[PDB]
Each structure stands twice: as structure tokens, then as C-alpha cells.
Amino acid sequence: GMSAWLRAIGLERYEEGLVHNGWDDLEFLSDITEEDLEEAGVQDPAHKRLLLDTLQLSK
Amino acid sequence: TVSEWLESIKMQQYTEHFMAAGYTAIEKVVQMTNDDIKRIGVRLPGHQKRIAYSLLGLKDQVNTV
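Residues numbered from 1 in each chain as written, not as in the entry; some residues may be left out. Chains lettered and ligands numbered in written order. Heavy atoms only, no water.

## Points about the overall build of chain B
The helix and strand inventory of chain B stands at five helices and zero strands. For chain B, the α and β elements follow one another from N to C terminus as α-α-α-α-α. Scaling as 2.2 N^0.38, a compact globule of 65 residues should have a C-alpha radius of gyration of about 11 Å, and chain B matches this with 11 Å. Its C-alpha atoms give chain B principal-axis dimensions of roughly 35 × 20 × 20 Å. In chain B, which comprises 65 residues, the share counted as buried stands at 40%. Taking contacts inside chain B between residues at least 6 apart in sequence as the whole, the part at least 24 apart equals 48%. Summing over all exposed atoms, chain B offers an accessible surface of approximately 3,800 Å²; the carbon and sulfur share of this is 53%. Once the 8 positive and 7 negative side-chain charges of chain B are each reduced to a mean point, those two points are 9 Å apart. (Helix = DSSP H or I, 4+ residues; strand = E, 2+ residues; numbered from the N terminus. Rg over C-alpha atoms; globule rule 2.2 N^0.38 Å. Buried < 20%, exposed > 50% of the residue type's maximum accessible area, 1.4 Å probe, protein only. Contact = heavy atoms within 4.5 Å. Areas by Shrake-Rupley, 256 points an atom, 1.4 Å probe, with all protein chains shown as cover. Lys, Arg positive; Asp, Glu negative; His and termini not counted. Charge placed at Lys NZ, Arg CZ, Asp CG, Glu CD.)

If you want it as C-alpha cells, here you go:
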């Protein structure tokens, strides 16, 4: 999953939230959209932007 | 195939319940509304969107002759 992934950015505490939506896999989470984010509770602009940053930071 | 859809959206584990509920083929999968989704074995609010959203596309895709 994205346990150590979100750890590097400091979002580890969110993991489980993106688990109840099926984004608990770096198989398709690596190509997640801003739309498919808010559903996991990640509706906030800063949070969405943060996760998008991780897509290129950690990849 | 239903499998490719269910696996691409990371709903892999649902295929089991899906096919068991008679929705083994796309034509039937595009029929089941939101209620069916929740009944077959979907209690997660998030999965209730991953499937529903994608279903909307499938329902429209088959309508696009």
C-alpha cells in the first residue's frame, strides 16, 4: 500500500481514508485524479495539491 | 470484460460478489443501479463511488452507438 509513501510527505495518518475508496494500492493511486481524491475526504485544496506533489516526488 | 473494469478501479475483491449476484456480464452490470451496489456487499462509502462513477460511464458507453 501507500504506508511508507504517505509517510515521506507526512500524510500517513490519511492512508485508511483512501483505503475505503480502493486507492489503497500504488497500482492505480499513482494515476489518481483530483476528482477521485475528494471522495476519500481529501477535498481540501492544499491536501489535494500535496498528494499530487507526491506523485512526482515519490512516484 | 467485467473483470478488467473491476480490477482497473481496484475493486478486484468485488468481482466475487458481483458475479454471484447474477451480474456476470456487462449488459447486466450496467443495469444494476446504486441500490444493488450497496446490497451485493459494498458498505464502504468510497467504493460506493468508485463503482457508481465508473458504472455511469459504462451505462453511457453502451448507449453510444
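## Remarks on the packing of helix α4 (residues 34-41) of chain B against helix α5 (residues 47-61) of chain B
All names here are of chain B. In the contact formed by α4 and α5, the axes pass within 10 Å of each other and the chain directions differ by 140 degrees. In terms of orientation, α4 lies oblique with respect to α5. Seen from above, α4 lies across α5 with right-handed handedness. Counting all contacts with α4, which are made through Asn34, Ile37 and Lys38, the residues of α5 involved are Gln48, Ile51, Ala52 and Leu55. Considered class by class, the residues forming the contact of α4 with α5 number four nonpolar, two polar and one charged. (Axes fitted to C-alpha atoms, helices over the stretch in contact; angles between N-to-C directions. Parallel < 35°, antiparallel > 145°, perpendicular 65-115°, else oblique. Left-handed = near helix turned anticlockwise from the far one by under 90°. Nonpolar A, V, L, I, M, F, W, Y, C, P; charged D, E, K, R; others polar.)

## Regarding unusual backbone geometry
Unusually for a residue other than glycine, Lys59 of chain A sits at a positive phi of about 70 degrees. Mapped onto the elements, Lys59 of chain A comes out in the segment after α3 (45-57). A positive phi angle, close to 65 degrees, is found at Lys10 of chain B, a residue other than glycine. Tracing the sequence through the fold places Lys10 of chain B in the loop between α1 (2-8) and α2 (14-20).

## Observations concerning the pattern of salt bridges
Scanning all chains against the criterion turns up eight salt bridges over all chains. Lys49 of chain B is the partner of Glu39 of chain A in a salt bridge, and the nearest nitrogen-oxygen pair spans 2.8 Å. Here the residue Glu39 of chain A occupies a position in the loop between α2 (35-38) and α3, and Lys49 of chain B occupies one in helix α5, the pair thus bridging two chains. Judged by its relative accessible area of 16%, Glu39 of chain A is buried. With a relative accessible area of 25%, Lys49 of chain B lands in the partly exposed category. Residue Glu39 of chain A is joined to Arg50 of chain B by a salt bridge in which the shortest nitrogen-to-oxygen separation is 2.6 Å. Note that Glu39 of chain A is positioned in the loop between α2 and α3 and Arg50 of chain B in helix α5, a pairing that runs across two chains. Both residues of the pair, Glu39 of chain A and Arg50 of chain B, belong to the buried class. A cluster of three or more residues bridged by salt bridges with shared partners is formed by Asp36, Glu38 and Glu39 of chain A together with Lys49 and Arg50 of chain B. (Salt bridge = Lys/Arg side-chain N within 4 Å of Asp/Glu carboxyl O.)

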